[PDB]
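Okay, structure first, notes after.
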Amino acid sequence: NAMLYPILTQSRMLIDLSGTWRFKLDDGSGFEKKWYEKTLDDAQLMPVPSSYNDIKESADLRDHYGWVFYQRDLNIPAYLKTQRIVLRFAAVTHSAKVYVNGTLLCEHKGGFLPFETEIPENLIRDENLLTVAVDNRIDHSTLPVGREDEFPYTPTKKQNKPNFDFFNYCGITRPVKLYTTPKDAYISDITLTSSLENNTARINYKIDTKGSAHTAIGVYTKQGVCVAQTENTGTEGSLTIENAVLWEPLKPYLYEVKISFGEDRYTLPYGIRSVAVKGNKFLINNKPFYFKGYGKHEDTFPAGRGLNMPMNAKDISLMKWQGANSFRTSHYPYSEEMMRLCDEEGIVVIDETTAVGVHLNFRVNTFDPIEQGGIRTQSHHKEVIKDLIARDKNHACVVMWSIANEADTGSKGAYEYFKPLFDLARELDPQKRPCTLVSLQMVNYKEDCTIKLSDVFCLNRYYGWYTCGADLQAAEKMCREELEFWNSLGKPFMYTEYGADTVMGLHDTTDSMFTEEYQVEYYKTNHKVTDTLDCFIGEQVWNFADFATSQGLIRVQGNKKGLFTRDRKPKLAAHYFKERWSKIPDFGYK
Amino acid sequence: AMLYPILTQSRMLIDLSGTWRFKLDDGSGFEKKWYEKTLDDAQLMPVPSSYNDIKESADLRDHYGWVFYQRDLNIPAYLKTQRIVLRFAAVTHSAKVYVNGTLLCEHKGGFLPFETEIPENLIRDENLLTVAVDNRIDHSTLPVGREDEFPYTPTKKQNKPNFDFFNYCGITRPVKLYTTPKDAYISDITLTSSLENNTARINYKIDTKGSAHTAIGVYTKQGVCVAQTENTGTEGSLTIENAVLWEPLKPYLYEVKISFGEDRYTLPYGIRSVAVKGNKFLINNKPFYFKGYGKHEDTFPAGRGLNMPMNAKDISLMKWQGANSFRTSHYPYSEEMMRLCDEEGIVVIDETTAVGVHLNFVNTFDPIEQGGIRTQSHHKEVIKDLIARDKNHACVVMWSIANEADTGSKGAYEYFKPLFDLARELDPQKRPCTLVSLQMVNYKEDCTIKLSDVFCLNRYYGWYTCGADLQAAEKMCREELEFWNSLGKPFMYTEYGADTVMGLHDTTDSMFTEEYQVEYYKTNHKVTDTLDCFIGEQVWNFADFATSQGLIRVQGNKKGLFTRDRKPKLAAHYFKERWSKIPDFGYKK
Ligand SMILES: CNc1ccc2c(n1)sc1c(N3CCN([C@@H]4O[C@H](C(=O)O)[C@@H](O)[C@H](O)[C@H]4O)CC3)nc(NC)nc12
Ligand SMILES: CNc1ccc2c(n1)sc1c(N3CCN([C@@H]4O[C@H](C(=O)O)[C@@H](O)[C@H](O)[C@H]4O)CC3)nc(NC)nc12
């Protein structure tokens, strides 16, 4: 379960296997014909990491249903066999079968979290083939959820039917790497928490290991000064950090925590900070925070969902330019490269699972018994929560877990589905951070089971777009009536989505849907209400940027609710928010 | 010698790209020796990337001088049993590389690779890797910067490019650590080929360091050995029966496996011939017609930085459009792109960094003492390094020595003759050489006529002259191109185009509209299609790209057939139709 980010250390190789791989669409016979046992014949070339759907100009490739095969050569030095050799897949979307020289090494379900496998040294030949089969199919058992049966026409080919509003980008989304550790004793996991009481900042550590050896830990400032250290330690302990500088939103500070175990060496960046919900306040380092930011997507052209590190950096620069302090990983865990950069840059993150589309009625009810047609995602939902927290537990930037986006939480049985998942997240997070689910707009919002479960109420609301469109006076009144209910509960609540589709270059001085001016007026109307509610502690727009979706009559070449275009150009509303967020402090707004 | 680093049974490959520390030089960075300690108060910058567009700061974008990149380098101690090498695929424009505060190497030239061994004794348990990067350009750099060439005093000193693309700088291409055996290893591989009936003879020269035995083997993609010679020394030749030739849009690559001592290296290799004969450009002895573009390495937000998903997209669009070729205007491109073009069957005109060798657009080629251009020495080095890097690529069919130098002025022949001689001496395959000719009133005095195997012309009939008078453009185009056609040698367009803002339209000829771009091209083809010696059309440009700011640059250069995010303008569809009806071979036979 433990999944430390692979790094080059004095004891660990790191070999990136990214590049140009061979690529072949399956036609239904690829497994039967055992394509993984030889070189792919009559194949294409496809960049890795990337989604495969938009690299070529083929609708057949973009809209493909089922499996594809990736393959590359793997000629490695024999001296590596003296170490433990691990193959790490940062993400393969959605499901994967991994083969070395025709031998199946591992399988994985879940397109947005890492997995790894040791390569048995008996399998390594002088020349090797690495084959990765990737499945794109979605249904009532996957996260995200695909629909099954939900002027009629018969489609030419079978297609996935996303139960979610983003394109089903698939492939080897994030890097594949070979890494090594010592064979006989190595570090398997590191858990760090912070204790700030009695005016003494301390780091508590727990170091999980394999084998028998001696453990040591040191904490170092940016400039390399050791501020605490001990040798021949226990598996758990605490270190006092004198003069500790706390990690703050938009003012990051990361210590370097160096761990040694036998010959193994591993360094973990770490920000010291506290998070707690108290009353109607979201407290970071005991100060009342106000979220300013966005729901995002991992979406760029042409790699789709694929890791784009230049654009990760551009995006954080744009958020700081705009005055934002935060974002949510809608609607799946993001790359570790993004998470580590957010730690370095001081961007606060709401870390969300892949659980979007858990809703069969947007008559079989979503949370009916599985044997009567109810949703089949709970078991996997548990695994995603475990794996997400295991990967991201040490990040200062992560302040809250989002268990699901827009599930059927006003329907019968939702509390029963979600209670074990909230209990699991609270059990597994060593920092005991707030947990939430992101609430769909529903007529019976007072019956939303988030009220019984969440530490913060996170609302997706479209007053002025999906209701009251082109009637913002009505939108304001409808917005106030509902948000006054939420405010009456005395707990922190926020917007995690609100927006209006906006095509750059469309304009009107008079309120008109899809124009840049209407996007601004939409936000002004909503803020007239939220700025008067003391328990409203955050605003995250939908969306940071325009992004790709499945095709249909209400998607103008994707979702156009971005403040920025897909190539990151600011609409009128992006300038509106730069001005607004320039006047709102990170702390003490309410 | 600069073989592309690969993972082999004898060679580790460790990519050091990622998030690096980054600091602008404030004028004290060398004096205060920032390279000896962790960079303080630093930003973060992705590597590989140009740094100019990552943030929102004009001071960063328009910075003049040096910046410092840095990262930690904690490497496994048992790599000290190997030879450890740091490869910089490209650092634009000049670099100083430090490990632990010791200067290990320096490099001039922003678009070709360089490397340095790390001395074992310098490696500590924890190491710092610092790269200082200089962006300054002048009369001694390639590309050339100007020096003195309602007036206003600028706020800050800035580079003055003598070229029409933005001066994107930084760690443009990946930084990697690799290893080879210490005692004996392969330094370079040179391959040439000759077709005798259906048997191909591959002549090899394998350069090595140390004492060991050399072996070469040739394998099909599927893995069948088709030739092998052992204990062969440095030079030799072998034969392949019924060889599959590499063809434009029908690539075929063999795998050439070399062993020397414990060292092992695999080189993909396509077999093909290139020859100019009469007015024909012959590939595998058939008259080729170039269909394609001048490109740039340009995407948002990495600028010039390696972008492998976009490289794959661009080739896909090229094949969608019916193109077969492009030119690496105006600098060598990434090895990753060049290796993909070998794999995909895209023909390349490989161009040096020599753009802006022109002081009168004092004479350009006056003596250095008298203020003439100071680039010839570095120009020779760029030619040497470019051919050393790319010599084995089947996709490279022609070398371009310079873009739009002052070749109609006195001294030009004297400047270029040693460079053409150098290129022909160093290329084992003896491929055609050209320079790319600037539009010029005295075109019959262009020294390309005395030097080049192919005359490659940049012409803007209907844009920079005869704008909005395409009937006059056609007449003036015909008058000049009938001269070039009378010389009997192959010639082509390497640039022709018209700035076009997507979304601007008119039914009636109007510059900057999508329709005018089409009519501009239709008018030029009316002439070129009638000219026997005209053997290729490469538009300017594949896609819109960033330039310096100015009154004629509508947020960069808009002559792309595609926008910067690779969307097709009307003229992109026009060329898809046109190239669908023109064969790669035998159009003008
Ligand atoms: C089951 N699948 C679906 C989903 C949605 C719709 C349909 N089928 S059908 C239809 C429709 N019709 C009404 C209009 N009629 C003509 O079409 C032009 C046009 O719609 O562009 C109109 O301007 C023109 O004046 C009309 O003569 C054409 C069909 N109109 C509207 N909204 C308005 N939505 C739909
Ligand atoms: C040394 N630096 C440079 C370079 C180029 C140019 C200048 N300085 S100055 C100037 C100029 N004048 C500027 C003032 N201008 C007025 O301003 C409007 C406008 O140009 O937008 C016109 O529409 C309006 O009718 C005129 O009253 C009328 C001409 N005009 C044009 N070409 C047209 N180019 C230039």
Side-chain angles (χ1 to χ4, degrees), chain B residues 139 143-144 146 149 161-164 294 327 329-330 354-361 363-366 371-373 375 400-409 411-417 420 434-449 451-452 454-474 476-478 480-488 490-499 511 520-521 523-525 527-528 530-531 533-534 536-541 550-553 557 559:
Chain B
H139 287 184
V144 172
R146 312 185 263 120
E149 291 82 27
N162 210 28
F163 48 88
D164 186 35
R327 174 176 55 118
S329 35
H330 300 300
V355 56
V357 184
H358 198 325
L359 301 188
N360 299 118
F361 188 58
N363 320 261
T364 306
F365 300 113
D366 270 350
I373 206 74
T375 49
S400 174
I401 301 301
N403 180 82
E404 293 204 334
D406 192 1
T407 58
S409 297
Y413 180 82
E414 285 75 22
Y415 178 96
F416 277 103
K417 174 59 173 176
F420 276 78
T434 188
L435 53 90
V436 174
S437 289
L438 162 79
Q439 185 161 355
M440 86 163 66
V441 286
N442 68 312
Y443 54 84
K444 295 181 189 161
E445 305 195 318
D446 189 336
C447 74
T448 192
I449 296 171
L451 295 160
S452 301
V454 179
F455 304 134
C456 289
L457 310 183
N458 290 356
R459 294 300 185 269
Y460 290 97
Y461 310 112
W463 187 255
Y464 291 127
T465 183
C466 301
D469 193 340
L470 289 176
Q471 210 186 312
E474 188 185 329
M476 165 195 298
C477 175
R478 179 169 289 289
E480 167 168 7
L481 295 195
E482 282 179 344
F483 162 75
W484 295 98
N485 194 59
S486 74
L487 304 182
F491 78 112
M492 57 193 285
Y493 276 167
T494 36
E495 294 186 20
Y496 68 131
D499 288 82
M511 322 163 44
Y520 170 97
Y521 281 119
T523 288
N524 275 263
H525 297 145
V527 177
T528 68
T530 69
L531 301 178
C533 300
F534 185 97
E537 53 195 58
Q538 287 193 337
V539 306
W540 195 249
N541 184 291
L551 291 169
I552 61 157
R553 284 295 172 261
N557 186 301
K559 293 194 181 65

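For the numbers below, each heavy atom of this structure counts, side chains included, while hydrogens, waters and symmetry mates do not. Chain naming here is simple, since letters A, B, ... match the order of the sequence lines and numbering starts at 1 in each.
- Geometrically, B/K559 engages B/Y460 in a cation-pi contact, judged by NZ or CZ lying under 6.0 Å from the ring centre and within 45° of the ring axis.
- The ring pair (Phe, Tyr, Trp, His ring centres under 6.0 Å) test with B/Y493 singles out one residue from B/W540, B/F455, B/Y521, B/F534, and that residue is B/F534.
- Residues that satisfy the side-chain contact (heavy atoms from CB on, under 4.5 Å) test with B/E404, not counting sequence neighbours, are B/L438, B/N458, B/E495.
- Between the side chains of B/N524 and B/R459, not a single donor N or O lies within less than 3.5 Å of an accepting N or O.
- A side-chain hydrogen bond (donor to acceptor under 3.5 Å, both in side chains) with B/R327 is found for exactly one of B/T494, B/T434, B/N403, namely B/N403.
- Using a 4.5 Å heavy-atom cutoff, the side chains of B/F483 and B/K444 are in contact.
- Between the side chain of B/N162 and the main chain of B/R146, no donor-acceptor pair closer than 3.5 Å is present.
- To the nearest 0.5 angstrom, B/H358 atom NE2 is 15.5 Å from B/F163 atom CZ.
- Taken to the nearest 0.5 Å, the CE atom of B/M476 stands 3.5 Å off from the OG1 atom of B/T465.
- In plain terms, the two heavy atoms of B/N360 and B/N363 that are nearest each other are OD1-CA, 3.5 Å.
- Listed here is the closest heavy atom pair of B/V527 and B/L531: O-CG, 3.4 Å.
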Residues B/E480, B/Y443; criterion side-chain contact (heavy atoms from CB on, under 4.5 Å); working and verdict = CA-CA 8 Å; B/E480 167 168 7; B/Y443 54 84; 3.4 Å; yes
Could you walk me through whether B/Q439 and B/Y461 pass the side-chain hydrogen bond (donor to acceptor under 3.5 Å, both in side chains) check?
-> CA-CA 10 Å; B/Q439 185 161 355; B/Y461 310 112; 4.9 Å; no
List the steps and the verdict of side-chain contact (heavy atoms from CB on, under 4.5 Å) for B/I373 and B/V144.
-> CA-CA 9 Å; B/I373 206 74; B/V144 172; 4.0 Å; yes
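- Residues B/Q471 and B/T523 have side chains not in contact (no heavy-atom distance under 4.5 Å, counting atoms from C-beta outward).
- Listed by chain and number, the residues in a side-chain hydrogen bond (donor to acceptor under 3.5 Å, both in side chains) with B/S329 amount to none (sequence neighbours excluded).
- Under the 3.5 Å distance criterion, with hydrogens and angles disregarded, no donor-acceptor pair is assigned to the side chains of B/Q538 and B/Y496.
- A donor-acceptor contact under 3.5 angstrom links the side chains of B/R478 and B/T530, judged on distance only.
- Among all heavy-atom pairs drawn from B/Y520 and B/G497, the shortest one is OH-N, 3.0 Å.
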Just do the side-chain hydrogen bond (donor to acceptor under 3.5 Å, both in side chains) check on B/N541 and B/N557 with the steps written out, would you?
-> CA-CA 9 Å; B/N541 184 291; B/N557 186 301; over 6 Å; no
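- Put simply, the residue from B/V436, B/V454, B/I401, B/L435 that forms a side chain to side chain contact (heavy atoms under 4.5 Å, CB included) with B/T448 is B/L435.
- Scanning both residues, B/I449 and B/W484, for their nearest heavy atoms gives CG1-CZ3, 3.7 Å.
- Proximity of a side-chain donor or acceptor of B/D366 to a complementary backbone N or O of B/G372 within less than 3.5 Å is not detected.
- When B/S409, B/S437, B/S452 are each tested for a side-chain hydrogen bond (donor to acceptor under 3.5 Å, both in side chains) with B/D446, only one passes: B/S437.
- For the 3.5 Å distance criterion, the side chains of B/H139 and B/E149 qualify, holding a donor opposite an acceptor.
- Considering only residues two or more places apart in sequence or on other chains, B/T375 meets the side-chain hydrogen bond (donor to acceptor under 3.5 Å, both in side chains) condition with B/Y415.
- Within 6.0 Å of atom OH in B/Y464, more than 12 heavy atoms from other residues, nucleotides or ligands are found, so the atom counts as buried in its surroundings.
- Residues B/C447 and B/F416 come closest through the heavy atom pair SG-CD1, 4.3 Å.
- For the residue pair B/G462 and B/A473, the shortest heavy atom distance occurs at N-CB, 3.6 Å.
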